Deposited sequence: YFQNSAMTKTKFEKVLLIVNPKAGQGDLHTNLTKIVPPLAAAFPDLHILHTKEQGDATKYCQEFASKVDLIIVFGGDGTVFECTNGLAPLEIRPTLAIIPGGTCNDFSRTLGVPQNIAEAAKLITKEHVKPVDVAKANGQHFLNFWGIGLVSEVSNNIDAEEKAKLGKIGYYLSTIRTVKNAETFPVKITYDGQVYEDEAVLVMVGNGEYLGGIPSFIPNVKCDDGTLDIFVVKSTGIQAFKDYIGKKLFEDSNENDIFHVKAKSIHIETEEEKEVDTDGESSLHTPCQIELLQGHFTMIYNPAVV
């Protein structure tokens, strides 16, 4: 009888998933409808809808479930992050990449993902903020389907960078990452020992001299390159560089990056 979630919202991207909407809904809705006696299901129609729905329902609902890929999850992130009241968020993975779902240990089988939600295991998750843009997975320069990070990793120029991190300063670089999530491009993060709930972000720079070392590092796929953890980060380049992040964005250097500890609460899989 003792649920955490009196009212639930399921946001459905109809274009998400393998094919039939009906088939996808046959897999994900019945378990949710059985478990949650007040369930509201809204389809998105256009880019931005998920963001709008999150903003409208944030104060009316206790759990928001998003069925969609990285892009839809990012819309939800941007929708809830700036709000004072932020209900618990859950992901049913409906893209091909689904990075943050994997960080939470969510099964890629959508029926199982739905079933998981009904178990109501919830944990705090850190949300990053770069010049007012929020992100869950990563921030990166030098990355530029499978997605931006996925394509970069499947197929893996110099510029100077000045990074100010928690009172300390840091060269000529090829790749600069700030990681929050534990998976990137559908596989465990190539940035070592990243945690999404440890109150800190992981800076990761591949140097000018380290191009070959980095190629081998990604291949061997066993991690433990300049790498440091930090809460408050400022990243500067010689000229304005376009930044890549969880989804479509207009962000560019220079950047103040800041970590919001436990900003979201999210459904996760404690078995994994």
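- Annotation: deposited residues 1 to 7, 152 to 164, 177 to 182, 197, 252 to 257, 306 are not represented by C-alpha coordinates in the model.
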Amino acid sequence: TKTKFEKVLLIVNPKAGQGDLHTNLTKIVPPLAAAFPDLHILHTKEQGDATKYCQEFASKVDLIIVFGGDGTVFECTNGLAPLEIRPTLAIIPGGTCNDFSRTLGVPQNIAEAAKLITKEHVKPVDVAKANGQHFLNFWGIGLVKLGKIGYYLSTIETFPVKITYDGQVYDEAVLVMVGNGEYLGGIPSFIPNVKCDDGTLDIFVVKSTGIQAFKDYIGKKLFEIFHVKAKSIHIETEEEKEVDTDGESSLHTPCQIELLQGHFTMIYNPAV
From here on, numbers count along this sequence of modelled residues.
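- For the two regions 161 to 169 and 77 to 85, the entry's Cα B-factors average higher over 161 to 169.
- Note on 22 to 30 vs 241 to 249: mean CA B-factor is higher in 241 to 249.
- Out of 61, 211, 66, 41, the entry records its largest CA B-factor for 211.
- Between the residues 149, 128, 114, 90, it is 149 that shows the highest Cα B-factor in the PDB record.
- Among all modelled residues in its chain, residue 262 ranks in the lowest third by Cα B-factor.
- Among the modelled residues of the chain, residue 206 sits in the highest third by CA temperature factor in this PDB entry.
- For residue 16, the recorded CA temperature factor ranks within the middle third of the chain's modelled residues.
- Placement of the Cα temperature factor of residue 220 within the chain: highest third of the modelled residues, per the deposited record.
- When all modelled residues of the chain are sorted by CA temperature factor, residue 188 is found within the highest third.
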